[PDB]
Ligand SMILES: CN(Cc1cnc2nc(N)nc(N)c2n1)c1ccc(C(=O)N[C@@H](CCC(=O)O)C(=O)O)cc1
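Presented below, as C-alpha cells, is a lone chain in the form solved without methotrexate (MTX).
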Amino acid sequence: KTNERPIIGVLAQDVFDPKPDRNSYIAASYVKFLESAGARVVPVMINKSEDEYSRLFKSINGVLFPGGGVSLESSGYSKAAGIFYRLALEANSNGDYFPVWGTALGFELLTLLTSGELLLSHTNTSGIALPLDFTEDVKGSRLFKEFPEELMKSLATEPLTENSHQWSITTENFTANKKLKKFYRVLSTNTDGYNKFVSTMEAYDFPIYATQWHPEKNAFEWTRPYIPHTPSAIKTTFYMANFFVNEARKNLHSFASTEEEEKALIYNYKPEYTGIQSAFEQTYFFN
C-alpha cells in the first residue's frame, strides 16, 4: 500500500527581529519544491507543545528542515526539529516509514542531532554554484536511483547546485566522528579549494536525506545572479523533490478528519513578496 495524497511538514524558523504576525517564517521556495513533486504542505509552527507536535507528526507523511540562519542549539526551530527527529527514529525503528529531509542549515542540524556535537568549519561557499563530486557510494544509493543517466552526468560536470553556507562539515571531521560515519552514507563531496566537505548524504538505516546545498532555489528563486537556472538545473530541482515525495508516499499517516487537514495546509497562509531586497522571492511569515 501507498499513500497517493502525501502531506509534508516544512519547519518554520525564528525571525531575527520578531514582531507580532512575524514571529517565524518559511521561504516559499521550500513549499513550491514539494508541491511540484505532488505533495501538499503543512507548515510546522515553531514553539508548540510536545503534544501538538506528536499529533501533527502522526498526521503528516514526512518532514523537511529548511536552510536559514537561526541557532542550531537554542532556537524554536532547533527544538521543533529535535522533536520531529526523535519521533521519526521511533516511528521508523518500530516499522513505520517516515522520511526526513535536511537542507543547508537542516543538513547542519542533522549532523548535531545524530552526533550530539557541532563539528562545522568555515568554508568559502557563500555565493556559488557547484557540481557534485559524487563518492563511489552513489551507484547503489537511495536518493539517486531514479535520476536519469544524463542528469547524473550533468550533475557531476555542471554548476547545478546552489551553495550559500559559510559553515560545512569537512570530510575529515566526518569520518573521524564515529556516530556520523556509522549513521550516514556520503553521496557527494565538494571543495572550496582548502576544505573538502560533505555535500549530500542519506542515513544507512533510516529515510533521512540531507543536502548542504539548496535544491529548491534552481526553479524558484531568482534573487542572486549565480543561482543555477540551466534546463538541467531545473530537472535537478524536480528529480530531488520527486525522490523525497516518493518516500513520503510510503507513509500511511492521515489527519483525524478532513477538517483538521484543511485547516493545517499551507493554503491558509499568504506569503509576502520579499524578493526586491531579501534572498527569497516570497516568504510566509507567521505569528
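All residue numbers are counted from 1 along the displayed sequence.
Mean Cα B-factor comparison, 34-42 or 249-257, giving the higher one as deposited: Comparing 249-257 with 34-42, the higher mean C-alpha B-factor belongs to 249-257.
Of 22-30 and 232-240, the stretch whose C-alpha atoms average the higher B-factor in the entry: The stretch with the larger mean CA B-factor is 22-30.
C-alpha B-factor winner, where the candidates are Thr211, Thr191, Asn163, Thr111: Spelled out: the listed residue with the top C-alpha B-factor is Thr191.
Most elevated Cα B-factor in the entry, residues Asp96, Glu216, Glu202, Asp133: In the PDB entry, the greatest C-alpha B-factor among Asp96, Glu216, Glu202, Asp133 is found at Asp96.
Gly69 CA temperature factor, ranked by third within the chain: According to the entry, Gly69 has a C-alpha B-factor in the chain's highest third.
Within-chain third of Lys181 by Cα B-factor, per the entry: Tercile = middle for this residue's CA B-factor.
Relative C-alpha B-factor of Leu187, binned into the chain's lowest, middle or highest third: Lowest third.
Chain third (lowest, middle, highest) by recorded CA B-factor, residue given as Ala12: Tercile = middle for this residue's CA B-factor.
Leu118 - which third its CA temperature factor falls in, relative to the rest of the chain: Highest third - that is where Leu118 ends up once the chain's C-alpha B-factors are sorted.
Form solved in complex with methotrexate (MTX): not shown, discussed below.
Listed residue that, although methotrexate (MTX) is not shown, lies within 4.5 Å of it in the bound PDB entry (heavy atoms), from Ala210, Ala81, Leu160, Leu105: Only one listed residue qualifies here, and that residue is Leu105.
Residue (of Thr170, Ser164, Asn92, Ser154) lying close to methotrexate (MTX) in the bound PDB entry, criterion heavy atoms within 4.5 Å: Result of the distance check: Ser164.
Interface stretch in the bound PDB entry with methotrexate (MTX) - options 52-60, 255-263, 220-228, 65-73, non-hydrogen atom within 4.5 Å: It is the stretch 65-73.
Within 7-24, the residues that have a heavy atom no more than 4.5 Å from methotrexate (MTX) in the bound PDB entry: Sequence-ordered list has one entry, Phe16.
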